[PDB]
Amino acid sequence: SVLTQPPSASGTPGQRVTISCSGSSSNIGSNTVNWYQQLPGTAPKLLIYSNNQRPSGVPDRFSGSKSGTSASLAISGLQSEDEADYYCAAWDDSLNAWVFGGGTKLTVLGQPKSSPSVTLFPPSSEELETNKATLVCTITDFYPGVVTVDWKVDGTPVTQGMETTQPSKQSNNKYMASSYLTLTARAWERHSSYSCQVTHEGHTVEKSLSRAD
Amino acid sequence: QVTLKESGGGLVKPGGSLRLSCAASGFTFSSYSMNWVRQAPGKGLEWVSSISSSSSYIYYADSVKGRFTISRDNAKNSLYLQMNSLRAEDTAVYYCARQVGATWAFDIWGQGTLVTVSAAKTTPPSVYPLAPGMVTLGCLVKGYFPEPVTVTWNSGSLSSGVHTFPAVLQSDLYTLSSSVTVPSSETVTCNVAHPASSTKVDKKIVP
Amino acid sequence: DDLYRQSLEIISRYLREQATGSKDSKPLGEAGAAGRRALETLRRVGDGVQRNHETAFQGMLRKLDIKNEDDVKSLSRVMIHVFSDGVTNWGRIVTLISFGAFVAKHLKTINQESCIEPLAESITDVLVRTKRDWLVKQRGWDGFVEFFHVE
Ligand SMILES: CN1CCCN[C@@H](Cc2ccc(S(C)(=O)=O)cc2)CC(=O)N[C@H]2CCc3ccccc3N(CC(=O)N[C@H](Cc3ccc(Cl)c(Cl)c3)CC1=O)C2=O
């Protein structure tokens with residue numbers, strides 16, 4: 001990236017937050033720096049323009065700064081719904097082209113922790129008809145946004161076929177995730193007990209199923 | 001109401017061509033510079049091309065430079081981008097963005113259109129149920145390509161407490177799961193749709 | 001000169017419709033579509049500037065006593081002072097074009113509609129030759145239209 005941003009900045013709630021955007025004479029040195037917010041799912045939406053001018057609907061707690069050939073964004077008054085990638089952009093007179101920064105994934109890490117709501121799902125009869133089987137583990141409402149997901153079968157741990165999605169933030173601010181243990185129909189029939197462990201900030205939640213429902 | 005709506009993106013082979021198509025609404029499209037911004041899933045935004053109000057000033061990013069052509073039709077309120085000889089590395093969500101003439105700020109954006117450059121064929125999803133063995137039901141959308149799919153519970157009516165998870169890529173096939181936590185003891189149907197296969201499945205979950 | 005051709009034709013039309021008080025309906029050849037929206041955004045902005053700075057323009061007019069074509073061509077000496085200071089912006093530009101338009105009106109009252117041609121040529125020279133890389137950077141007349149567009 002030509003404009004250079006930190007990959008990940010953070011702060012606890014209430015604090016000042018600063019995301020810098022290191023420019024160049026021909027980009028930030030000549031033209032303005034424009035900031036865009038990208039929440040979890042959304043498209044970017046203009047956050048700050050002409051260095052420090054906020055549009056309609058961007059609060060007084062977002063400030064902008066241009067310091068020669070660099071640019072701070074200040075999120076003065078942190079909130080758990082500023083989990084977003086912040087992108088600066090400047091027109092570059094040398095390139096005759098727009099250039100965005102790498103992106104800075106802001107995060108808040110002072111909220112009260114919540115343990116994961118784990119939920120294990122036995123394979124679909126319809127999928128068993130296709131000689132395949134997937135145990136699904138929905139992992140919802142954890143914070144902070146990190147979980148390791150393990151799988152046992154009959155006491156013996158899994159190494160093959162298991163997958164886990166990356167954590168996605170919820171409307172609640174707490175994140176969610178999903179693990180998928182994939183077995184054959186032969187495998188599903190030849191093993192009885194299937195555990196599924198989610199370890200979250202030192203504390204393992206676990207829900208199993210025995211095929212005999 | 002001021003909206004940008006991108007169409008055209010989908011599955012193209014490495015080498016193929018694709019025309020992304022943006023529609024501008026509720027403003028005077030004939031008086032703004034337009035912009036294509038692309039974003040590789042997971043990675044940061046990259047600017048790709050700009051075009052002034054009456055197509056006289058055209059600008060491209062180095063990567064797309066040569067292979068992509070930007071154009072607009074101020075009669076049809078439409079911006080275009082002819083993506084030619086696409087390589088795997090062009091798999092991105094291509095947003096469209098309006099430009100404030102007074103600040104060059106990209107103020108209005110669009111929702112974005114996923115482009116997926118691959119050899120893999122368009123496999124439709126296989127919607128299976130996720131019921132237990134106060135009750136979190138769900139559905140497992142298995143073995144589709146490309147992204148995206150949409151899942152809505154009870155035809156869009158049930159939307160609170162629907163956790164629709166990020167998809168995983170086992171082999172060259174996507175797998176997504178959604179799930180809703182519903183009161184126990186009336187039906188609960190899940191409405192998957194894969195517009196790359198013209199697929200539309202409703203599927204009833206019964207414990 | 002691609003920009004001078006685009007500019008001169010967009011400037012001339014605005015000058016000549018101000019001196020007329022009636023718009024020219026024939027199509028633009030050189031500036032194409034980019035001139036149509038420019039003159040429709042020159043008519044709007046330059047009428048605002050001409051009312052804001054009637055006093056100023058009238059004052060510069062009575063000082064710079066204009067009678068003949070050589071008075072019109074020697075306006076180049078004072079007209080550059082809209083940039084002799086460092087600042088370049090579209091406000092300075094529509095003020096340049098709005099004053100030339102105000103002079104084209106004056107030229108009509110003294111029956112000098114011949115001298116609107118070398119006024120338009122005088123204005124485009126001061127503007128294109130001196131501030132080209134600013135103009136090209138700021139998307140030319142495409143930018144002119146975009147910058148002053150209001151909605
Ligand atoms: C020796 N200097 C001094 C040159 C260096 N300093 C200038 C810098 C400056 C230039 C233009 C603008 S503007 C209104 O275009 O944003 C702002 C600031 C100071 C200045 O001109 N202030 C103006 C303020 C009032 C005014 C308003 C409209 C028109 C003329 C005005 N007049 C009257 C005037 O006679 N302006 C001559 C220059 C000028 C101006 C504007 C035009 Cl359109 C033409 Cl043709 C000429 C003076 C001259 O030649 C002023 O005095």
# chains A, B, ... in the order shown; residues from 1 in each chain; ligands from 1
call {"tool": "residues_near_ligand", "arguments": {"ligand": "ligand 1", "cutoff": "9 Å", "atoms": "only C-alpha atoms and all ligand atoms", "output": "PyMOL selection string"}}
result
chain C and resi 49-50+52-57+59-60+63+75-85+87+89+91-100
call {"tool": "write_last_selection", "arguments": {"atoms": "N, CA, C and O atoms", "output": "CSV table (one decimal), in the first residue's frame"}}
result
chain,number,residue,atom,x,y,z
C,49,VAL,N,-22.1,35.6,-9.2
C,49,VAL,CA,-20.9,36.4,-9.0
C,49,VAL,C,-21.1,37.9,-9.5
C,49,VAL,O,-20.6,38.8,-8.9
C,50,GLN,N,-21.8,38.0,-10.7
C,50,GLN,CA,-22.1,39.3,-11.3
C,50,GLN,C,-23.0,40.2,-10.4
C,50,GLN,O,-23.0,41.4,-10.6
C,52,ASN,N,-23.1,39.7,-6.9
C,52,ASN,CA,-22.2,39.9,-5.7
C,52,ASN,C,-21.2,41.0,-5.9
C,52,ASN,O,-20.9,41.8,-5.0
C,53,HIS,N,-20.6,41.0,-7.1
C,53,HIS,CA,-19.5,41.9,-7.5
C,53,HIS,C,-19.9,42.9,-8.6
C,53,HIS,O,-19.0,43.3,-9.4
C,54,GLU,N,-21.2,43.3,-8.7
C,54,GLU,CA,-21.6,44.4,-9.6
C,54,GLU,C,-20.7,45.6,-9.3
C,54,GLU,O,-20.1,46.1,-10.2
C,55,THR,N,-20.8,46.0,-8.0
C,55,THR,CA,-20.0,47.2,-7.5
C,55,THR,C,-18.5,47.1,-7.9
C,55,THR,O,-18.0,48.1,-8.4
C,56,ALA,N,-17.9,45.9,-7.6
C,56,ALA,CA,-16.5,45.7,-7.9
C,56,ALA,C,-16.2,45.8,-9.3
C,56,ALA,O,-15.3,46.5,-9.7
C,57,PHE,N,-17.0,45.1,-10.2
C,57,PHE,CA,-16.9,45.0,-11.6
C,57,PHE,C,-17.1,46.4,-12.3
C,57,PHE,O,-16.3,46.8,-13.1
C,59,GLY,N,-16.7,49.2,-10.8
C,59,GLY,CA,-15.6,50.0,-10.3
C,59,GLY,C,-14.3,49.8,-11.2
C,59,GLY,O,-13.7,50.8,-11.6
C,60,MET,N,-14.0,48.5,-11.4
C,60,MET,CA,-12.9,48.2,-12.3
C,60,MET,C,-13.2,48.7,-13.8
C,60,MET,O,-12.2,49.0,-14.5
C,63,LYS,N,-12.7,52.7,-14.0
C,63,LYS,CA,-11.2,52.9,-14.0
C,63,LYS,C,-10.6,52.4,-15.3
C,63,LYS,O,-10.1,53.3,-16.1
C,75,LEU,N,-6.5,44.1,-21.6
C,75,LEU,CA,-7.1,43.6,-20.3
C,75,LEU,C,-6.3,42.4,-19.7
C,75,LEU,O,-6.4,42.2,-18.5
C,76,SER,N,-5.5,41.7,-20.5
C,76,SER,CA,-4.6,40.6,-20.1
C,76,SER,C,-3.7,41.1,-18.9
C,76,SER,O,-3.3,40.2,-18.1
C,77,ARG,N,-3.3,42.3,-18.9
C,77,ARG,CA,-2.3,42.8,-18.0
C,77,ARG,C,-2.8,42.9,-16.5
C,77,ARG,O,-2.1,42.5,-15.6
C,78,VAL,N,-4.1,43.3,-16.4
C,78,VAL,CA,-4.7,43.3,-15.1
C,78,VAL,C,-5.4,42.0,-14.7
C,78,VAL,O,-5.5,41.6,-13.6
C,79,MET,N,-5.9,41.3,-15.8
C,79,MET,CA,-6.7,40.0,-15.6
C,79,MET,C,-5.8,38.9,-15.0
C,79,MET,O,-6.4,38.0,-14.4
C,80,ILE,N,-4.5,38.9,-15.1
C,80,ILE,CA,-3.6,37.9,-14.5
C,80,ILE,C,-3.6,38.0,-13.0
C,80,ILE,O,-3.2,37.1,-12.3
C,81,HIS,N,-3.9,39.2,-12.4
C,81,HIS,CA,-3.8,39.5,-11.0
C,81,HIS,C,-4.8,38.7,-10.1
C,81,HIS,O,-4.7,38.7,-8.9
C,82,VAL,N,-5.8,38.1,-10.8
C,82,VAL,CA,-6.7,37.1,-10.1
C,82,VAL,C,-5.9,35.8,-9.7
C,82,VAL,O,-6.3,35.1,-8.8
C,83,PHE,N,-4.6,35.6,-10.2
C,83,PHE,CA,-3.7,34.6,-9.8
C,83,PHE,C,-2.3,35.1,-9.2
C,83,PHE,O,-1.7,34.3,-8.6
C,84,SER,N,-2.0,36.3,-9.5
C,84,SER,CA,-0.7,36.9,-9.0
C,84,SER,C,-0.7,37.1,-7.5
C,84,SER,O,-0.8,38.2,-7.0
C,85,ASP,N,-0.5,36.0,-6.8
C,85,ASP,CA,-0.6,35.8,-5.3
C,85,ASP,C,-0.4,34.4,-4.8
C,85,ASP,O,0.0,34.2,-3.7
C,87,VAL,N,-2.8,31.7,-5.1
C,87,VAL,CA,-4.1,31.0,-5.0
C,87,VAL,C,-4.7,30.7,-6.3
C,87,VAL,O,-4.8,31.6,-7.2
C,89,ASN,N,-8.2,28.8,-7.6
C,89,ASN,CA,-9.5,28.1,-7.3
C,89,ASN,C,-10.6,28.5,-8.3
C,89,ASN,O,-10.5,29.5,-8.8
C,91,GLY,N,-13.4,29.6,-7.9
C,91,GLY,CA,-14.0,30.9,-7.5
C,91,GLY,C,-13.3,32.0,-8.2
C,91,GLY,O,-14.0,33.0,-8.7
C,92,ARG,N,-12.0,32.0,-8.2
C,92,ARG,CA,-11.2,32.9,-8.9
C,92,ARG,C,-11.4,32.8,-10.4
C,92,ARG,O,-11.4,33.8,-11.2
C,93,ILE,N,-11.7,31.6,-10.9
C,93,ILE,CA,-12.0,31.3,-12.3
C,93,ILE,C,-13.3,31.9,-12.7
C,93,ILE,O,-13.4,32.7,-13.6
C,94,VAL,N,-14.4,31.5,-12.1
C,94,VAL,CA,-15.7,32.1,-12.4
C,94,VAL,C,-15.8,33.6,-12.2
C,94,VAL,O,-16.6,34.3,-12.8
C,95,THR,N,-15.0,34.1,-11.3
C,95,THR,CA,-14.8,35.6,-11.1
C,95,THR,C,-14.1,36.2,-12.3
C,95,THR,O,-14.5,37.3,-12.8
C,96,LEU,N,-13.1,35.5,-12.9
C,96,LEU,CA,-12.5,35.9,-14.2
C,96,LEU,C,-13.5,35.9,-15.3
C,96,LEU,O,-13.5,36.9,-16.1
C,97,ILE,N,-14.2,34.8,-15.4
C,97,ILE,CA,-15.2,34.6,-16.5
C,97,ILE,C,-16.5,35.5,-16.3
C,97,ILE,O,-17.1,36.0,-17.3
C,98,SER,N,-16.8,35.7,-15.0
C,98,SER,CA,-18.0,36.6,-14.7
C,98,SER,C,-17.6,38.1,-15.0
C,98,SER,O,-18.5,38.8,-15.4
C,99,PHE,N,-16.4,38.5,-14.8
C,99,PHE,CA,-16.0,39.9,-15.1
C,99,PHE,C,-15.9,40.1,-16.6
C,99,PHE,O,-16.4,41.1,-17.1
C,100,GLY,N,-15.3,39.2,-17.4
C,100,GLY,CA,-15.3,39.2,-18.8
C,100,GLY,C,-16.7,39.2,-19.4
C,100,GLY,O,-17.0,40.0,-20.4
call {"tool": "select_by_dssp", "arguments": {"residues": "segment 43-104 of chain B", "states": "strand (DSSP E or B)", "output": "ChimeraX atom specification"}}
result
/B:45-51,58-60,65,68-73,78-83,92-99
call {"tool": "residues_around", "arguments": {"residues": "residue 19 of chain C", "least_positions_apart": "4", "cutoff": "9 Å", "atoms": "only C-alpha atoms", "output": "JSON, numbers by chain"}}
result
{"C": [14, 15, 101, 102, 103, 104, 105, 106, 107, 108, 109, 113, 116]}
call {"tool": "select_by_dssp", "arguments": {"residues": "segment 76-160 of chain A", "states": "alpha helix (DSSP H)", "output": "PyMOL selection string"}}
result
chain A and resi 125-128
call {"tool": "write_last_selection", "arguments": {"atoms": "C-alpha atoms", "output": "mmCIF file, in the first residue's frame"}}
result
data_model
loop_
_atom_site.group_PDB
_atom_site.id
_atom_site.type_symbol
_atom_site.label_atom_id
_atom_site.label_comp_id
_atom_site.auth_asym_id
_atom_site.auth_seq_id
_atom_site.Cartn_x
_atom_site.Cartn_y
_atom_site.Cartn_z
ATOM 1 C CA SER A 125 -30.969 -37.604 7.450
ATOM 2 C CA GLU A 126 -31.095 -36.078 3.923
ATOM 3 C CA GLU A 127 -27.272 -35.756 3.898
ATOM 4 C CA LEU A 128 -26.817 -39.266 5.313
#
call {"tool": "interface_residues", "arguments": {"of": "chain A", "to": "chain B", "cutoff": "8 Å", "atoms": "only C-alpha atoms", "output": "ChimeraX atom specification"}}
result
/A:34,42-46,49-50,87,96-103,119-124,126-127,136,138,140,163-166,168,176-178,209,211,213
